[PDB]
Structures are given as structure tokens and as C-alpha cells.
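A single chain, nothing else alongside it, follows as C-alpha cells in the form deposited in one PDB entry.
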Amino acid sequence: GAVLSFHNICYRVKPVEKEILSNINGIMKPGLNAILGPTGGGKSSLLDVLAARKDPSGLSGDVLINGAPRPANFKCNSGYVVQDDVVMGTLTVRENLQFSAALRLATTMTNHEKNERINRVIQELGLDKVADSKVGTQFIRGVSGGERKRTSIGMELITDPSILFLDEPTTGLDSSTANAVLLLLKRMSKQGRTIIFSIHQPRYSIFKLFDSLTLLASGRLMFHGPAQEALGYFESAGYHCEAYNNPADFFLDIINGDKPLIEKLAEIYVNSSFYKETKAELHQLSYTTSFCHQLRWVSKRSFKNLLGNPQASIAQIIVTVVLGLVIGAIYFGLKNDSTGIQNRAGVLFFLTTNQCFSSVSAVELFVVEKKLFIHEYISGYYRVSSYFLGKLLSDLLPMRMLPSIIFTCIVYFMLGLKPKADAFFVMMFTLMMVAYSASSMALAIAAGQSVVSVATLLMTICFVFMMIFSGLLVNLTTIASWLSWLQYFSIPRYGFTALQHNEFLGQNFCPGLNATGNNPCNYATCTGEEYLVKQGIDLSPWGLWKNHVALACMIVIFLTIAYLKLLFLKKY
């Protein structure tokens, strides 16, 4: 079996440094081990500390498995259940179990066998009635909290872990289901699996199931040893219970007071035989799956989440179509007359801005998953690179490409723009590039930010500032010499400039050309080239492709920054 141990553990949290956990020692031999205590004692903190999930800065003690230190593949053989559930709502139960099993369990086993285990676990936890039901979403009524909790438990139970940690496995579950869950854990722990869990308000039948007990309170350790001997240990010191029915309530009624009480009990413990014995024993003793597989399964999960979140995919497509048709009707039949310039520039500007501002929604779905991503990374699911590229090939690439195609296909021929294929495809390509660059910038800004409202604000502000330098609201030749340099950071500038260059080039907007020919007018701006020059634009085709290479470089740089912001993030 696995004989976990610890000695002289202490912990600190930061400015001022608070000591959540003080001197703690104990041994957790195979079987069933529990951690009772009141709220705020330090239950969850200790549990994470034992499962290598707290920053090692505060930790100041030795955690040893079987005497030898922590194995490097430790996280590949231990499961951890979270106090607050982390389960993708837009998926079903079975999808999530398949995902966890697929990424964590080895791929030598056939898919039929993994599905077999999944069915077995569903039976064990009593989830047949909601096996295929969707977990909670803001649009669909969610499954009951108990079923969600059992799902979180199963996602880790399927891994066949030799060591298992649970933080409040039974919170909100009715008594019968909780009894079923714990009987299952006992049946499993009688095979060598070393289980460690916290719990609130057990019943006596449960309390007889224990094999080792730990009692945390205000950081300090009150008692550690066999479950049976705890009552007698207290009996000797005092509190002749003889009246309470459930020993757990009795144990807490002493912590809660029913010189300082905490210190008194803790010193009684350190003067107990149990602590001497455990100090004696302590002193005496002292990735699974390749890159491609991770990428594929992450991308599939994101496919499903995106299709199930119908405010960034379907709403976006529909509004794009409606806008395209409306624009087509409004600007219909563009004329080479006085009004031609205004309409043409306006439509191009609108398309550019809409592409730029349509990326906020997609990244926002990337922000919310932060916590989920951290939990899944620590647990040992996927690398960082895999998660990044997966979310890219699932969200950024597919959905952002379509709007440009639809917009151009509808608009170009209704309005009456340049009647050449080259211009058509150039317009489509340019819109794609601005869209991707905006999404990249949003990812860079919003990567590793917990809150969405702040990120949305920042991105919106940045886009506004970029828009002021587009080329239509202000003429860029009037910009002061000490601020024109800012115009090179503007995505809309490159997109709009490139769209204007390929449209106005072969155009003349003064209808009377013989009349215009004899005496041209100084302040007339008849032709497209003159307007182009006045806005400060080159005429050479290099003057067009320069914007595209700039956009590509921006894409590369911003994606790299996002990857690093994720990499040096605090995953603890």
C-alpha cells in the first residue's frame, strides 16, 4: 500500500504574512482517513498541501510517500476532488467522463473498455437517470446539485487512482445518497486505495467506517489516531459524553466551547501518548498521452461548448447576415458622382470596425474558463501548448473566418464595387486578417485575467483608440509630428487603408469630365488617386501589401504574448 506521512508542516500566506497552518504531524496509512473540523480550521488548505497544490513558498515541512520523497509521477496516480464543482455545464455527464478518461487514462486500452468503466461508475454513483442530461447552463435548466457533485467525483474516480483526495464529497446530498457514496468509498478502500477526505456532520454508521481520524481546528491539530480511541482519549481528559448520540457532534461541541480553549486542547494532545508514538514513527521513517491526442480532445470539447453557447456563434452569424443585407440595400447602386467618395469610405470603415469589435465575445468565453483550466492543468490533463492550440483551432480559426466571406459575397455585387476578381479576393483576405489580429490582441490582453468586465473594458478602450486613427475621422497628415508614430499601432488603419487602395485607384468621381477636362478645379478631389493622396497613402502595390505583412506580424506577436502570459501564470 501507500503510506503517506508528514512532519513539522507549517504554512503561510501573504505584505503581512499570516500563518494558516501551524505545527502539524500525522500518518495516513492505507484504508480510510478523515479530516473533521469546523469552518475556517484549515481542512481544505491541508488537503491541497498534501496533494501538491499550494505554492511551495509557504510550505516548510516534509511530505513523504512510503518514506521516499514525492515521486515525480505523483500527479499521474492521484485524483483530487474539488470543494466547488468544476464541470463544463454545456456538456452532458457522459461526455465529461469520456473526456477525463480519454486524456488521463492511457490510450493502450480500447474505447469500448473505457466506455465500460464509465457505465460502471455511473451505476456506482446512481446517475443513470441523468447520464445524458445536460449539466447546468444559463439557458437550460440545470441538473440538481447532487448529480453535479457526483459527476465531479466520477471524473476522478474513473482514473483508478492508488491515492484519492476529496474536499467535502457530500455537501447538499441527501442522507441516502451520501450513505451510498461513502459505502462505495469504503468498499474501494478495502483493496489498498488510500483515501483522504474532509466531511461535515457524519452519522454514526459512517463514523464506524473510519480507520484513521484527523481533527483540525484553527490550524492546530487537536487529535490524530484511530477513530475508536478518540472518544476514550477525550473521556480520560474530560467531557464524559455519555449523553450525546453521535460522537462527531460531541467532538465539535468541545472545539466550539460547548487559557484559550484551542491552545489548551492542543497542548493536551502534544502531551498525549499518540503524539509521542507518531513522532517516533516519523523520525524512524525519515505526460501520459502525446501532444496530438490532447489537442484533438480539447478541440472537440471546445466545438461542443461553442455550439452550445448560442451567443458567440449563431447570434454572431445571424447578425452578420442581417447587417450584410441591410448594408446592401442601403448603399445599393453606388454612383461615380459627388456622393461616391463618402459612401464608399463609409462602408469600408464600417466593415473594418465591425470585424474588429466582434472579437470581444469569443475571448470572453476564454476568460471564464481560467479557473477550470488551472484545475485541469494541475490535475495532469494536458500541457499548456495543447490547450492553447486547441482553443485556437476550435474557436479563433473557424468562426472568425466566415463573417468576412459572408460579408463580401453579399455586399460586393449589390453595391457595385470594383468589377475584378482580384479585388474581390483581396477584400476577403484583408477582412480575415483584421479579424484574426483583433482576436489575437484580445487574447493577449485577456489571458490570465480572472474578471471579464475589466477585460472587456480594456479591449473596448484599446479598439476605440485604434479607431480614432483609422483614416476617416481625422486626416493623418494633420497629426502632429510627435504623435503620428502612434498610427502604426492601429489595426483598423491597415485594414481600411488596404481596402481603400484597391477600390479608389481606378475611379473618377467628377461626372462632367469634358467640362472638368478643359478647366480642372483646385479644390475638387475628383479622382480617387487625389483623395488617396490627400489622406496620406502610397499608390504602389507595395503600399497595399505592407498593411498585410504588418497584420501578420501583429498576429504572431500577440499570440506569443498570450502563450507566455499563460505559461508564467501562477498554477498553484
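Think of the rigid core as the biggest set of C-alphas that the two forms share within 1.5 Å after superposition. Numbers for residues come from their place in the sequence shown, where the first is 1.
Where the other entries of this protein model the residues before and after it, residue 276 is kept in all of them rather than dropped from a third. Of the other compared PDB entries of this protein that include residues on both sides, at least a third leave residue 259 without atoms.
According to the PDB entry, the deposited sequence contains 10 or more residues between residue 286 and residue 287 that lack coordinates. Unmodelled residues of the deposited sequence between neighbouring positions residue 258 and residue 259 number 10 or more.
What comes next is about the form deposited in another entry, which is not displayed.
For the residue set 131, 428, 476, 393, core-aligned C-alpha shifts between this form and the one not shown reach 2 angstroms or more at a single site, 131. Residue 494 shows a C-alpha shift below 2 Å between this form and the one not shown [criterion: core-superposed Cα displacement of 2 Å].
In a rigid-core overlay of the protein, residue 447 has its C-alpha displaced by under 2 Å between this form and the one not shown. For residue 324, a C-alpha deviation below 2 angstroms is recorded between this form and the one not shown after rigid-core alignment. Compared with the form shown here, the Cα atoms of residue 500 and residue 515 sit 3 Å or more closer together in that other deposited form. Compared with the form shown here, the C-alpha atoms of residue 138 and residue 452 sit at least 3 Å farther apart in that other deposited form.
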